[PDB]
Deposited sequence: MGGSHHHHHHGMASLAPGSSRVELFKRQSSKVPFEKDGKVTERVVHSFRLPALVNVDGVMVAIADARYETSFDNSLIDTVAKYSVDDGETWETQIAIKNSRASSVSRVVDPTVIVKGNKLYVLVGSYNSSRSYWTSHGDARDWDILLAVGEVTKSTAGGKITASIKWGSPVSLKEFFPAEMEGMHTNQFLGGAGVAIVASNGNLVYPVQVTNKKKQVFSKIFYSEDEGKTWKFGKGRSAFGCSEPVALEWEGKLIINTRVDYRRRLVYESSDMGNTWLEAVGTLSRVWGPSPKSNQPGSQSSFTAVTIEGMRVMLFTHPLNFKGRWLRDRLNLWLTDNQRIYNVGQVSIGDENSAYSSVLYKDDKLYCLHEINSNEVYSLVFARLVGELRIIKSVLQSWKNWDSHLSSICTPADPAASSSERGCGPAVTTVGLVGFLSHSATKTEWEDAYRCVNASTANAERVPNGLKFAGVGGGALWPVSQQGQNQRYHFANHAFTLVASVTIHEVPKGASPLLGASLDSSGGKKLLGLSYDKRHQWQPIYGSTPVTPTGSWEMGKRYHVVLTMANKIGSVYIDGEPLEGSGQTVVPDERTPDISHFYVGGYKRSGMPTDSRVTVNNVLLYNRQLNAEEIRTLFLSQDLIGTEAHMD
């Protein structure tokens, strides 16, 4: 990332902290630093973490360290925010989870006295407490300089707020999800927490306070079992709770009622992010925040790619999303270093990341100035803004008719293309092409193997288009140049690598009829088409039903089940203008322009507007 730089701020086996025991304080070298949380309190940067004094092993001696800086991270002061009980050589305060409100740092930690096993394996709660400490940040301008100070109060146990029973089950322990939590728009302090029951299942809840931390409540709902280390933000009046699932894809939920109800975010972010290339390795803590960049509300998300496997968790990656498009900003860590946990802060229009580096299970936290990354982010955000503005600004055929909708518009294939790719105007997922000739606002295809392939599950580890398994609208303009020998494809969602098994699609045949394909149902040819005429094609799928529209009108027989109510589809890719498979004997001679993908089923007016504005939406002229 050109322009970016970093320092080893919390340096393993080197950085010292003020270790207090029985009224005596000694500057003490720390073996490992883990669990970064990086925040802004009134212009003061504060970096909170675990100081694992003797080893990186989880069940060992740990205090919560804080560093703070008034100069954007050039210099820092160092404190212990929270000390462990000092009961034993493995006493520890763990998983520090931070909320900023006003001048206050709320830090929630589990506290353990003597156990040498990880908390989820405990059969009881005898070794556990849950503590809240408050740090009060003040600033001084005495002497013509800015000086900050943080006064940490004594921790208070919140155990009294943990019910012995929850929706049936009996509770054992809970911890914060680590990293940075939030103040909701209603002022509530909101911690996503990870909780165990007596069956040793782990699940996520919302733990919240309506009275500045004095009392706490749990929402009655929960994630699925197996969801740990939850991280949350508030988006459009809802909490978005992004969870770690060891050995599986991350589950993401939305709750509008402080955790009383949880709905999997299948239409947006759930199941997008895999913990390793084959999504069969441990997960991670993640930074997940909502921020406003160049006037646009967006979300930033970090997770390692974990090519190495196990808990090594190399290749920390950064992602940008507006809850519609999902852009890979790139790799924050360096080379193949192990770099699991992280915390991203956007402050005074500068981007920073405090994150782990691990060699031989000795961990430092580096403090990175993400200059290259913010440059890419602003570029991408300007492209999103530009194209949304382009589409929204179009005076559609009436005065002007209804505006073309950009709500839920995820991808758009128009004029830009290279020799082997059709480029997404939204810059997230290009389509691969074969036997494609560039024409205004699209591509012309010919010959066996021709077409374009827009990957869905084929995206691999990180599946930005997973939403399509639940609902989508796929729109294009198509022109047929040659009468085919038999039924030939134009547009569709494939369930397998070849395109032979379809969820929903549209073909055309030698008798000048359309052949809409509804899942595995026998195909009934219908309607009529003419060579050389530009047709508007809309495929919609929602609530397991698929519809095919030509020139804004449903084909006779549209609105059929395409998904057996038991299973959830796993779309491989969308195919456009052919299958893009030389193993498929069809030869589609067609031009396709302006392909739009939405994460929802468009309504009647929206479809009609798109049909009527086909000649106006191309990116060529702009």
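- Unmodelled segments of the deposited chain, in sequence order: 1-15, 414-422, 647-648.
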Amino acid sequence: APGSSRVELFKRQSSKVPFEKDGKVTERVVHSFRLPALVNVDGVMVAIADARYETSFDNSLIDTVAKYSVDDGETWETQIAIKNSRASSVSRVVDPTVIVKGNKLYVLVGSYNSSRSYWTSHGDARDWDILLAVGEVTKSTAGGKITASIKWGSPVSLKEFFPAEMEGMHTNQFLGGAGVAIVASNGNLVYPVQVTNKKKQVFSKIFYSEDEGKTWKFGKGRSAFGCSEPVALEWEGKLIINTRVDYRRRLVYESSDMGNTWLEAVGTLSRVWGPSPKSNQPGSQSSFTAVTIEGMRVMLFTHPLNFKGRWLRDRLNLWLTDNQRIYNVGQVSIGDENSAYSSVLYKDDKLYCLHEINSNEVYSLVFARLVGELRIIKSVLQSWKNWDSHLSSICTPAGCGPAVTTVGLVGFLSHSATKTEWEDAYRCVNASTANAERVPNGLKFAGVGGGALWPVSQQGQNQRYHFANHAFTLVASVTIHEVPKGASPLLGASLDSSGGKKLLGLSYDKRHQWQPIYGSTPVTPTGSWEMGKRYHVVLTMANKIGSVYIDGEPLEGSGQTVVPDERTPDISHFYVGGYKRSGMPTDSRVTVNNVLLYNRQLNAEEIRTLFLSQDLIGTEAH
From here on, numbers count along this sequence of modelled residues.
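In this text, the rigid core denotes the largest set of C-alpha atoms whose superposition between the two forms falls within 1.5 Å.
- Core-fitted comparison in 5 other deposited structures of this protein shows that, between 232-240 and 137-145, the CA atoms farther from the shown form belong to 137-145.
- Remark: when the other structures in 5 other deposited structures of this protein are fitted onto this one via the rigid core, 548-556 deviates more than the alternative among 548-556 and 334-342, judged by RMS CA distance.
- Mean CA B-factor, 607-615 versus 14-22: the higher value falls on 607-615.
- Relative to one another, 45-53 and 569-577 have unequal mean CA B-factors, and 569-577 is the one with the higher figure.
- In this structure the maximum Cα B-factor among 84, 186, 342, 223 is found at 186.
- Within the selection 76, 253, 247, 529, the deposited Cα B-factor values reach their highest point at 529.
- Residue 32: CA B factor lies in the lowest third for its chain, per the PDB record.
- In this PDB entry, residue 218 carries a Cα temperature factor that places it within the middle third of its chain's modelled residues.
- Sorting the modelled residues of the chain by their CA temperature factor places residue 511 in the highest third.
- Per the PDB record, residue ranking by Cα B-factor puts residue 592 in the middle third of the chain.
- When the CA B factors of the chain's modelled residues are split into thirds, the value for residue 170 lands in the highest one.
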